[PDB]
$ cat coords.txt   # compact mmCIF, C-alpha atoms and all ligand atoms
# COMPACT_ATOMS: atom_id res chain seq x y z
CA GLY V 1 0.00 0.00 0.00
CA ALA V 2 0.88 3.73 -0.18
CA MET V 3 2.32 5.21 3.11
CA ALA V 4 -0.48 7.87 3.23
CA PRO V 5 -3.06 6.88 0.59
CA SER V 6 -4.16 10.02 -1.40
CA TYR V 7 -6.35 11.24 -4.26
CA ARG V 8 -4.88 13.59 -6.92
CA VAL V 9 -6.17 14.93 -10.26
CA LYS V 10 -4.05 15.76 -13.32
CA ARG V 11 -5.12 17.38 -16.60
CA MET V 12 -3.06 15.35 -19.12
CA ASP V 13 -3.12 12.18 -21.27
CA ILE V 14 -3.62 9.06 -19.06
CA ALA V 15 -1.35 7.25 -21.62
CA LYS V 16 1.55 9.34 -20.04
CA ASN V 17 0.66 8.42 -16.38
CA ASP V 18 3.26 7.98 -13.59
CA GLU V 19 1.37 5.17 -11.76
CA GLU V 20 1.94 1.40 -11.44
CA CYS V 21 -1.24 0.52 -13.47
CA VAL V 22 -3.94 2.18 -15.63
CA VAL V 23 -7.74 1.85 -15.83
CA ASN V 24 -9.08 1.93 -19.39
CA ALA V 25 -12.58 3.39 -20.08
CA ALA V 26 -13.20 0.33 -22.25
CA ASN V 27 -16.02 -0.80 -24.51
CA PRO V 28 -17.51 -4.28 -23.96
CA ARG V 29 -16.01 -5.76 -27.19
CA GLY V 30 -12.34 -4.86 -26.60
CA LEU V 31 -12.37 -2.49 -29.63
CA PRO V 32 -9.97 0.49 -29.96
CA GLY V 33 -12.85 2.96 -29.27
CA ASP V 34 -12.54 6.78 -28.75
CA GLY V 35 -11.05 9.26 -26.21
CA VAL V 36 -9.31 7.48 -23.29
CA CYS V 37 -9.83 4.01 -24.91
CA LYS V 38 -8.08 5.03 -28.21
CA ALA V 39 -5.12 6.59 -26.26
CA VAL V 40 -4.83 3.31 -24.22
CA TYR V 41 -4.99 1.24 -27.48
CA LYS V 42 -2.13 3.35 -29.02
CA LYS V 43 0.06 3.05 -25.86
CA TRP V 44 -0.71 -0.59 -24.75
CA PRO V 45 -2.19 -2.43 -27.80
CA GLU V 46 -1.00 -5.82 -26.43
CA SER V 47 -3.45 -5.34 -23.46
CA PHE V 48 -6.43 -5.72 -25.87
CA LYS V 49 -5.85 -9.53 -26.28
CA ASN V 50 -9.14 -11.06 -24.95
CA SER V 51 -10.06 -7.78 -23.13
CA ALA V 52 -13.81 -8.00 -24.08
CA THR V 53 -15.95 -8.05 -20.86
CA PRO V 54 -19.57 -7.12 -20.02
CA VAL V 55 -20.90 -3.76 -18.86
CA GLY V 56 -20.38 -3.23 -15.11
CA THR V 57 -17.16 -5.38 -15.00
CA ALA V 58 -13.38 -4.98 -15.17
CA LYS V 59 -10.88 -7.32 -16.82
CA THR V 60 -7.11 -6.89 -16.41
CA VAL V 61 -4.67 -7.75 -19.27
CA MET V 62 -0.88 -7.28 -18.92
CA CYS V 63 1.15 -5.21 -21.40
CA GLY V 64 4.57 -6.69 -20.51
CA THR V 65 4.37 -6.46 -16.70
CA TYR V 66 2.23 -3.24 -16.78
CA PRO V 67 -1.45 -3.98 -15.86
CA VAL V 68 -4.27 -2.45 -17.94
CA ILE V 69 -7.62 -2.77 -16.08
CA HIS V 70 -10.38 -2.61 -18.75
CA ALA V 71 -13.43 -1.13 -16.94
CA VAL V 72 -16.75 -1.08 -18.89
CA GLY V 73 -19.05 1.74 -17.83
CA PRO V 74 -22.58 1.84 -19.28
CA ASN V 75 -23.51 3.94 -22.33
CA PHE V 76 -26.32 6.20 -20.93
CA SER V 77 -27.68 6.41 -24.54
CA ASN V 78 -28.83 2.75 -24.10
CA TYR V 79 -29.42 2.41 -20.34
CA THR V 80 -32.13 4.03 -18.18
CA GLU V 81 -30.71 6.58 -15.63
CA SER V 82 -31.47 4.01 -12.86
CA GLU V 83 -29.89 0.90 -14.48
CA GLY V 84 -27.00 3.00 -15.82
CA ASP V 85 -26.31 4.35 -12.32
CA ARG V 86 -26.21 0.71 -10.98
CA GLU V 87 -23.78 -0.50 -13.73
CA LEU V 88 -21.53 2.59 -13.30
CA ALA V 89 -21.23 1.92 -9.52
CA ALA V 90 -20.56 -1.80 -10.26
CA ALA V 91 -17.73 -1.07 -12.81
CA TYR V 92 -15.87 0.96 -10.15
CA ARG V 93 -16.37 -1.77 -7.46
CA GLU V 94 -14.70 -4.27 -9.91
CA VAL V 95 -11.79 -1.77 -10.47
CA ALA V 96 -11.24 -1.66 -6.64
CA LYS V 97 -11.09 -5.53 -6.50
CA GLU V 98 -8.55 -5.59 -9.37
CA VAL V 99 -6.32 -2.80 -7.91
CA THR V 100 -6.33 -4.73 -4.59
CA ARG V 101 -5.59 -8.13 -6.26
CA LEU V 102 -2.65 -6.66 -8.27
CA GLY V 103 -1.03 -5.31 -5.02
CA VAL V 104 -0.10 -1.99 -6.77
CA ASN V 105 0.67 1.13 -4.67
CA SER V 106 -0.81 3.53 -7.32
CA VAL V 107 -3.43 3.57 -10.15
CA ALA V 108 -4.27 6.06 -12.98
CA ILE V 109 -8.11 6.26 -13.44
CA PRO V 110 -10.42 8.19 -15.83
CA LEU V 111 -14.04 9.19 -14.96
CA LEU V 112 -16.09 6.31 -16.47
CA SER V 113 -19.19 7.12 -18.60
CA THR V 114 -18.39 10.93 -18.76
CA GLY V 115 -17.38 11.06 -22.51
CA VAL V 116 -19.19 9.42 -25.51
CA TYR V 117 -21.06 7.13 -23.00
CA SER V 118 -22.55 10.12 -21.00
CA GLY V 119 -25.73 10.22 -23.18
CA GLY V 120 -25.05 14.00 -23.60
CA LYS V 121 -25.19 14.78 -19.81
CA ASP V 122 -22.59 16.21 -17.34
CA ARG V 123 -21.85 13.16 -15.10
CA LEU V 124 -18.66 14.51 -13.34
CA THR V 125 -20.24 14.35 -9.83
CA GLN V 126 -22.11 11.05 -10.43
CA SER V 127 -19.01 9.24 -11.80
CA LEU V 128 -16.53 10.76 -9.25
CA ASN V 129 -18.77 9.84 -6.27
CA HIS V 130 -18.98 6.20 -7.50
CA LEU V 131 -15.16 6.25 -7.93
CA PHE V 132 -14.78 7.41 -4.27
CA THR V 133 -17.35 4.82 -2.99
CA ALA V 134 -15.26 1.99 -4.55
CA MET V 135 -11.70 3.24 -4.00
CA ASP V 136 -11.99 4.79 -0.45
CA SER V 137 -11.35 1.35 1.19
CA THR V 138 -8.21 0.71 -0.99
CA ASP V 139 -4.71 1.93 0.10
CA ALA V 140 -3.43 2.73 -3.43
CA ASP V 141 -2.55 6.34 -4.41
CA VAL V 142 -5.32 7.22 -6.94
CA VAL V 143 -4.51 9.73 -9.69
CA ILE V 144 -7.57 10.83 -11.70
CA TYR V 145 -6.86 11.96 -15.34
CA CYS V 146 -9.06 14.49 -17.21
CA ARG V 147 -8.77 16.81 -20.29
CA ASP V 148 -11.14 19.74 -19.45
CA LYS V 149 -9.72 22.71 -17.44
CA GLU V 150 -13.05 23.37 -15.62
CA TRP V 151 -13.38 19.62 -14.78
CA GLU V 152 -9.79 19.67 -13.29
CA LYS V 153 -10.88 22.51 -10.90
CA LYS V 154 -14.18 20.74 -9.96
CA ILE V 155 -12.48 17.33 -9.36
CA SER V 156 -9.70 19.09 -7.32
CA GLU V 157 -12.35 20.93 -5.19
CA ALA V 158 -14.24 17.64 -4.52
CA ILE V 159 -10.98 15.92 -3.40
CA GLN V 160 -9.82 18.89 -1.20
CA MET V 161 -13.32 19.26 0.46
CA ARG V 162 -13.09 15.73 2.07
CA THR V 163 -9.65 17.03 3.34
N1 LIG K 1 -4.25 19.21 -23.44
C1 LIG K 1 -4.09 18.00 -23.96
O1 LIG K 1 -3.55 17.82 -25.06
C2 LIG K 1 -4.60 16.83 -23.19
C3 LIG K 1 -4.86 16.90 -21.82
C4 LIG K 1 -5.47 15.85 -21.16
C5 LIG K 1 -5.83 14.71 -21.85
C6 LIG K 1 -5.58 14.60 -23.20
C7 LIG K 1 -4.97 15.65 -23.89
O2 LIG K 1 -4.76 15.52 -25.22
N1 LIG K 2 -6.24 10.67 -23.08
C1 LIG K 2 -6.87 11.08 -21.98
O1 LIG K 2 -6.38 10.93 -20.84
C2 LIG K 2 -8.21 11.74 -22.14
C3 LIG K 2 -8.87 11.75 -23.37
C4 LIG K 2 -10.18 12.22 -23.46
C5 LIG K 2 -10.84 12.66 -22.34
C6 LIG K 2 -10.21 12.64 -21.10
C7 LIG K 2 -8.90 12.17 -20.99
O2 LIG K 2 -8.36 12.12 -19.75
CL CL K 3 -0.84 15.65 -22.14
CL CL K 4 -17.10 7.48 -21.84
CL CL K 5 -12.42 15.78 -19.06

$ encode --input "coords.txt" --output "structure tokens" --more "lines below"
Ligand SMILES: NC(=O)c1ccccc1O
Ligand SMILES: NC(=O)c1ccccc1O
Ligand SMILES: [Cl-]
Ligand SMILES: [Cl-]
Ligand SMILES: [Cl-]
Amino acid sequence: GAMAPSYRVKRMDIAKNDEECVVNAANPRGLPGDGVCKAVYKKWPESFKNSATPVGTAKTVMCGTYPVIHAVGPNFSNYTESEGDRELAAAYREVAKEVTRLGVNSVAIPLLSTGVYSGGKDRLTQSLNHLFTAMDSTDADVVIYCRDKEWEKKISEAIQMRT
């Protein structure tokens, strides 16, 4: 575990992270995808061997010895708000199990279901709160990656508020 487990946020490409493993915002079929998923495919293409996994789950594939945790958030275009909320919470609980199993001291994580899978809604708070619910009981250093300057400030505020 980390000596003093923390949350941090950085506004940069998750493919350039400084952590011991990465969470991919994957699609269920293990396809190259868009946004985070396409950056992860360019950086760690070997980790897409048999990465397909259902919505609400996470499947880890090694790229060399570097673990890529493929986490499948729901597409809110297809799910009801209620069922989508349930699957989004479940994906993050499976990420926490994988981070724990791997015995890593740090993890790079995007906000699941906030891009193409958001169904055109702002889900920063919804996705971040499910991330905290899952990861608060883990002792890894968590580093959240985002692109938007206003999202960086809002994620930083939410982290700082809890202390
Ligand atoms: N400003 C950027 O280029 C950037 C920042 C965060 C994530 C992906 C990116 O391409
Ligand atoms: N490559 C990225 O990390 C990125 C790309 C799109 C949106 C958010 C992100 O953090
Ligand atoms: Cl960058
Ligand atoms: Cl997304
Ligand atoms: Cl963002």

$ atom_distance --input "coords.txt" --atom1 "CA of residue 56 (chain V)" --atom2 "CA of residue 86 (chain V)"
8.2 Å

$ residues_near_ligand --input "coords.txt" --ligand "ligand LIG 1 (chain K)" --cutoff "6 Å" --atoms "only C-alpha atoms and all ligand atoms" --output "list in words"
residues 11, 12, 13, 146 and 147 of chain V

$ atom_distance --input "coords.txt" --atom1 "CA of residue 36 (chain V)" --atom2 "CA of residue 70 (chain V)"
11.1 Å

$ atom_distance --input "coords.txt" --atom1 "CA of residue 106 (chain V)" --atom2 "CA of residue 142 (chain V)"
5.8 Å

$ residues_around --input "coords.txt" --residues "residue 5 (chain V)" --least-positions-apart "3" --cutoff "7 Å" --atoms "all atoms listed in the file" --output "PDB file with C-alpha atoms, keeping the file's coordinate frame"
ATOM      1  CA  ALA V   2       0.880   3.730  -0.180  1.00  0.00           C
ATOM      2  CA  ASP V 139      -4.710   1.930   0.100  1.00  0.00           C
ATOM      3  CA  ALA V 140      -3.430   2.730  -3.430  1.00  0.00           C
ATOM      4  CA  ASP V 141      -2.550   6.340  -4.410  1.00  0.00           C
TER       5      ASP V 141
END

$ residues_around --input "coords.txt" --residues "residue 28 (chain V)" --least-positions-apart "3" --cutoff "10 Å" --atoms "only C-alpha atoms" --output "number ranges by chain"
V: 25, 31, 51-58, 70-74

$ closest_residue --input "coords.txt" --among "V:159, V:111, V:61, V:131" --to "ligand CL 5 (chain K)" --atoms "only C-alpha atoms and all ligand atoms"
V:111

$ closest_atom_pairs --input "coords.txt" --of "chain V" --to "ligand CL 5 (chain K)" --cutoff "9 Å" --atoms "only C-alpha atoms and all ligand atoms" --output "JSON lines"
{"residue": "V:11", "atom": "CA", "partner": "K:CL5", "partner_atom": "CL", "distance": 7.9}
{"residue": "V:110", "atom": "CA", "partner": "K:CL5", "partner_atom": "CL", "distance": 8.5}
{"residue": "V:111", "atom": "CA", "partner": "K:CL5", "partner_atom": "CL", "distance": 7.9}
{"residue": "V:114", "atom": "CA", "partner": "K:CL5", "partner_atom": "CL", "distance": 7.7}
{"residue": "V:115", "atom": "CA", "partner": "K:CL5", "partner_atom": "CL", "distance": 7.7}
{"residue": "V:124", "atom": "CA", "partner": "K:CL5", "partner_atom": "CL", "distance": 8.6}
{"residue": "V:145", "atom": "CA", "partner": "K:CL5", "partner_atom": "CL", "distance": 7.7}
{"residue": "V:146", "atom": "CA", "partner": "K:CL5", "partner_atom": "CL", "distance": 4.0}
{"residue": "V:147", "atom": "CA", "partner": "K:CL5", "partner_atom": "CL", "distance": 4.0}
{"residue": "V:148", "atom": "CA", "partner": "K:CL5", "partner_atom": "CL", "distance": 4.2}
{"residue": "V:149", "atom": "CA", "partner": "K:CL5", "partner_atom": "CL", "distance": 7.6}
{"residue": "V:150", "atom": "CA", "partner": "K:CL5", "partner_atom": "CL", "distance": 8.4}
{"residue": "V:151", "atom": "CA", "partner": "K:CL5", "partner_atom": "CL", "distance": 5.8}
{"residue": "V:152", "atom": "CA", "partner": "K:CL5", "partner_atom": "CL", "distance": 7.4}

$ axis_aligned_box --input "coords.txt" --around "ligand LIG 2 (chain K)" --padding-each-side "4 Å" --output "lines of an AutoDock Vina configuration file"
center_x = -8.5
center_y = 11.7
center_z = -21.6
size_x = 12.6
size_y = 10.0
size_z = 11.7

$ closest_residue --input "coords.txt" --among "V:23, V:102, V:15, V:9" --to "ligand CL 3 (chain K)" --atoms "only C-alpha atoms and all ligand atoms"
V:15

$ residues_around --input "coords.txt" --residues "residue 97 (chain V)" --least-positions-apart "3" --cutoff "10 Å" --atoms "only C-alpha atoms" --output "list in words"
residues 58, 92, 93, 94, 100, 101, 102, 134, 135 and 138 of chain V
